Amino acid sequence: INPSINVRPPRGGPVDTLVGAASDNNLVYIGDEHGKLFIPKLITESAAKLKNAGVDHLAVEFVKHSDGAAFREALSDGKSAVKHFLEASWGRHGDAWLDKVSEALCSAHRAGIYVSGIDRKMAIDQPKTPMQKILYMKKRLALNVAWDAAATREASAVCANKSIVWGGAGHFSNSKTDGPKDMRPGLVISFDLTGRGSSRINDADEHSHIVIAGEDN
Ligand SMILES: [Cl-]
Ligand SMILES: [Cl-]
Ligand SMILES: [Cl-]
Ligand SMILES: [Cl-]
Ligand SMILES: [K+]
C-alpha cells in the first residue's frame with residue numbers, strides 16, 4: 001500500500017482509533033453509512049481531539065462545493081440553521097441523523113476546523129432494475145474526481161495540515177492500495193455496526209484500511 005497511508009492497529013476505543021488514524025495520516029476518508037447515528041456522533045466527540053491532532057479541514061459530501069457561502073452562514077447561525085440547510089438534499093435519511101450530522105459539522109466548526117462541501121449536482125432517477133442499480137452507483141462514483149478537486153481546493157485555501165473527507169462509503173471502495181479511485185491517497189475508515197467485532201484492520205476486502213466497531217441505530 002502507498003507508504004503515505006500509515007495503517008496503525010486501532011488504539012482501542014472508537015474515538016481513540018479515529019484520532020490515531022488522523023494523527024498518522026495527512027488524509028483520512030470516513031466512509032459514511034447514511035442514516036446511521038453512530039458515525040456523526042463519533043465525529044462530534046472527536047472534533048476537539050482531531051483538531052489537536054492536526055486536523056484543520058473537514059470536507060463533507062453533505063454540502064455542495066458551490067453552496068460554500070450559504071453554508072458558512074448557516075454554520076455560524078448554529079445547529080438549527082445547518083439542519084434546515086441540509087434538509088432539502090439530506091433530510092431523506094432521517095430527522096435524528098440529520099440532527100446528528102448538523103451537530104457534528106457545528107462541533108467541528110467551533111473546534112477550529114474549516115468545514116466545506118465537496119458535492120456536485122447530479123440528477124439520476126431511482127434505480128429499480130438490477131442494471132439500473134449498477135449504473136446508478138457507477139454514475140455516482142464518476143463524481144469522485146470532482147469531490148477530490150473541491151476537497152483539495154478548500155484544504156489549500158486554509159493551509160490545512162491534515163484533512164478528513166467524509167462521504168458515502170460506496171465512493172471509497174477498492175481503496176486499499178492507493179485510496180479511493182480518482183482521489184488522493186489516504187487512510188480509509190469503514191464501520192462495523194453489527195456489535196460483534198472490534199475495531200480492526202480490514203482483511204475481508206480492499207474497500208477500507210481499518211474498520212471501527214460501532215452500534216446500529
Ligand atoms: Cl463546484
Ligand atoms: Cl447549537
Ligand atoms: Cl437507466
Ligand atoms: Cl452514493
Ligand atoms: K487513488
# chains A, B, ... in the order shown; residues from 1 in each chain; ligands from 1
>>> residues_near_ligand(ligand="ligand 2", cutoff="10 Å", atoms="only C-alpha atoms and all ligand atoms", output="PyMOL selection string")
chain A and resi 75-82+102-103+106-107
>>> select_by_dssp(residues="stretch 27-115 of chain A", states="alpha helix (DSSP H)", output="ChimeraX atom specification")
/A:38-52,68-77,79-90,95-110
>>> residues_around(residues="residue A:3", least_positions_apart="5", cutoff="10 Å", atoms="only C-alpha atoms", output="list in words")
residues 177, 178, 185 and 186 of chain A
>>> closest_residue(among="A:172, A:71, A:97, A:62", to="residue A:118", atoms="only C-alpha atoms")
A:62
>>> atom_distance(atom1="atom CA of residue A:33", atom2="atom CA of residue A:91")
14.2 Å
>>> closest_atom_pairs(of="chain A", to="ligand 5", cutoff="6 Å", atoms="only C-alpha atoms and all ligand atoms", output="tab-separated table")
residue	atom	partner	partner_atom_place_in_ligand_line	distance
A:178	CA	ligand 5	1 (K)	4.6
A:179	CA	ligand 5	1 (K)	4.4
A:180	CA	ligand 5	1 (K)	4.7
A:181	CA	ligand 5	1 (K)	4.6
A:182	CA	ligand 5	1 (K)	5.3
A:183	CA	ligand 5	1 (K)	4.6
A:184	CA	ligand 5	1 (K)	4.9
A:185	CA	ligand 5	1 (K)	4.8
>>> residues_near_ligand(ligand="ligand 4", cutoff="9 Å", atoms="only C-alpha atoms and all ligand atoms", output="list in words")
residues 136, 137, 139, 140, 141, 167, 168, 169, 170 and 171 of chain A
>>> atom_distance(atom1="atom CA of residue A:164", atom2="atom CA of residue A:6")
14.6 Å
>>> residues_near_ligand(ligand="ligand 1", cutoff="10 Å", atoms="only C-alpha atoms and all ligand atoms", output="ChimeraX atom specification")
/A:64-68,117-121,146-147,149-150
>>> closest_residue(among="A:132, A:153, A:203, A:213", to="ligand 3", atoms="only C-alpha atoms and all ligand atoms")
A:132
>>> closest_residue(among="A:74, A:105, A:212, A:201", to="residue A:59", atoms="only C-alpha atoms")
A:105
>>> residues_near_ligand(ligand="ligand 3", cutoff="10 Å", atoms="only C-alpha atoms and all ligand atoms", output="ChimeraX atom specification")
/A:124-129,131-136
>>> write_last_selection(atoms="N, CA and C atoms", output="short mmCIF file (atom, residue, chain, number, x, y, z; two decimals), in the first residue's frame")
data_model
loop_
_atom_site.label_atom_id
_atom_site.label_comp_id
_atom_site.auth_asym_id
_atom_site.auth_seq_id
_atom_site.Cartn_x
_atom_site.Cartn_y
_atom_site.Cartn_z
N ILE A 124 -30.09 11.75 -11.05
CA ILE A 124 -30.27 10.40 -11.58
C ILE A 124 -31.54 9.83 -10.98
N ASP A 125 -32.30 9.09 -11.79
CA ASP A 125 -33.55 8.52 -11.33
C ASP A 125 -33.29 7.42 -10.30
N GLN A 126 -34.35 7.03 -9.61
CA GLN A 126 -34.25 5.97 -8.62
C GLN A 126 -34.05 4.64 -9.33
N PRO A 127 -33.02 3.86 -8.96
CA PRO A 127 -32.78 2.59 -9.66
C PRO A 127 -33.72 1.50 -9.17
N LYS A 128 -34.36 0.82 -10.12
CA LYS A 128 -35.27 -0.29 -9.82
C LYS A 128 -34.76 -1.62 -10.35
N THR A 129 -34.35 -1.68 -11.61
CA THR A 129 -33.87 -2.92 -12.19
C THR A 129 -32.45 -3.21 -11.74
N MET A 131 -29.74 -3.67 -13.46
CA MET A 131 -28.76 -2.89 -14.20
C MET A 131 -28.80 -1.41 -13.81
N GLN A 132 -30.01 -0.88 -13.56
CA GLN A 132 -30.11 0.50 -13.10
C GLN A 132 -29.38 0.70 -11.78
N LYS A 133 -29.54 -0.24 -10.84
CA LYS A 133 -28.81 -0.15 -9.58
C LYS A 133 -27.31 -0.09 -9.82
N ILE A 134 -26.81 -0.87 -10.79
CA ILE A 134 -25.38 -0.88 -11.06
C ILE A 134 -24.96 0.42 -11.74
N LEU A 135 -25.68 0.82 -12.79
CA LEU A 135 -25.34 2.06 -13.48
C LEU A 135 -25.40 3.25 -12.53
N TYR A 136 -26.41 3.28 -11.65
CA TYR A 136 -26.55 4.40 -10.72
C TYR A 136 -25.28 4.58 -9.89
#
>>> closest_residue(among="A:25, A:198, A:152, A:217", to="residue A:38", atoms="only C-alpha atoms")
A:217
>>> select_by_dssp(residues="stretch 42-209 of chain A", states="strand (DSSP E)", output="JSON, numbers by chain")
{"A": [55, 56, 57, 58, 59, 60, 61, 62, 63, 64, 114, 115, 116, 117, 118, 119, 162, 163, 164, 165, 166, 167, 168, 187, 188, 189, 190, 191, 192, 200, 201]}
